[PDB]
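The data below hold one chain only, encoded as structure tokens and taken in the form deposited in one PDB entry.
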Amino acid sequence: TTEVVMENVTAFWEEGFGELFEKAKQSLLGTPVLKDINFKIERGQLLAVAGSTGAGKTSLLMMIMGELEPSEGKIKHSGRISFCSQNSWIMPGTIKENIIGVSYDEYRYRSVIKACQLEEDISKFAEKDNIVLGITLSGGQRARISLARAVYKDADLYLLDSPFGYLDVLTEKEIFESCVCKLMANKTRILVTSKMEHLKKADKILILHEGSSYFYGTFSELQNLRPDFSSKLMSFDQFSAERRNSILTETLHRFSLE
């Protein structure tokens, strides 16, 4: 498992532009994508990250993967990362080879396809998981294949960027319980999600809004620290993940800080 820490992190996607402008002539001010971000999770813990559209959630994951350097603060992490990107993707080849890396573990594979609900899908194909991607998959199928790929990989830190985005409420719930909570029980993970139930199960919660930490702490803390926000969303969780994003974004603007 990895430990993960951000201490006072501020970052600007535009920083490079400023550096080139100064180079051509021989710290940047602007709109930070992330501002004064703090969190720590221990080995094996889950951090749920939520927030409004454009808040920096994906950008936060990108900093952990070394794609964006902090202009201020420190990030500490080590080890192997598995990343489930916000848009799904599929490489030419079988369903099974979309899921598995260099090595194959029969049992691990079966338990991944089971927890991501891919069994019923696969059983409707003449060639099962050996069907070649010819035929095209739904957005829901693709996203579940992409999550199985990320979770199958043996890693130290799993970064799951809205993997329930295109799923219904029921499928989202079973997969969250079987995969994220059971199958990955002992793994360090960061899940971008809009479900209040998910934040209730997390070890830590980070809510972002306009780049800033709207909230960091536990679920109990959230209910008292942001009591009107909490009250308005706690029936939000019966809406689709797709739909909960617009509502959550409205709700953060509604109870935005000072």
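Only residues modelled in both forms are compared. When you see a residue number, it is the position in the sequence shown, counting from 1. The term rigid core refers to the most C-alpha atoms you can superpose between the two forms while keeping them within 1.5 Å.
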Quiz item: None, 1 to 3, 4 to 9, or 10 or more: how many residues of the deposited sequence lack coordinates between residue 234 and residue 235?
Solution: 1 to 3
Quiz item: How many missing residues of the deposited sequence lie between residue 26 and residue 27 in the entry, grouped as none, 1 to 3, 4 to 9, or 10 or more?
Solution: 10 or more
Quiz item: For the stretches 109-117 and 143-151, which has the higher mean C-alpha B-factor as given in the deposited record?
Solution: 109-117
Quiz item: What stretch has the higher average Cα B-factor here, 44-52 or 65-73?
Solution: 65-73
Exercise. Using the entry's values, work out which of 157, 90, 175, 122 has the largest Cα B factor.
Key: 122
Quiz item: Of the choices 82, 85, 103, 94, which one's C-alpha carries the largest B-factor in the record?
Solution: 103
Self-check item: residue 189 - which third its CA temperature factor falls in, relative to the rest of the chain
Solution: middle
Quiz item: residue 201's Cα B-factor: lowest, middle or highest third of the chain?
Solution: highest
Quiz item: In terms of the CA temperature factor given in the entry, to which third of its chain does residue 241 belong: lowest, middle or highest?
Solution: middle
Exercise. Would you please rank residue 99 by its C-alpha temperature factor against the other modelled residues of its chain and give the third it falls in: lowest, middle or highest?
Key: lowest
Quiz item: By its CA B factor, does residue 165 count among the lowest, middle or highest third of the modelled residues in the chain?
Solution: middle
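The discussion below concerns the form deposited in another entry, not included here.
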Quiz item: Does residue 10 count as moved between the shown form and the other one, where moved means a C-alpha shift of 2 angstroms or more after fitting the rigid core?
Solution: no
Quiz item: Considering a change of 3 Å or more, are the Cα atoms of residue 95 and residue 242 closer or farther in the other form than here?
Solution: farther
Exercise. Regarding residue 173 and residue 242, go with closer or farther for their CA spacing in the other form versus this form, the difference being 3 Å or more.
Key: farther
Quiz prompt | Mobile segments between the shown form and the other one [3+ consecutive residues, each C-alpha shifted 2 angstroms or more, core superposed] | solution = 15-25, 101-103, 240-243, 254-257
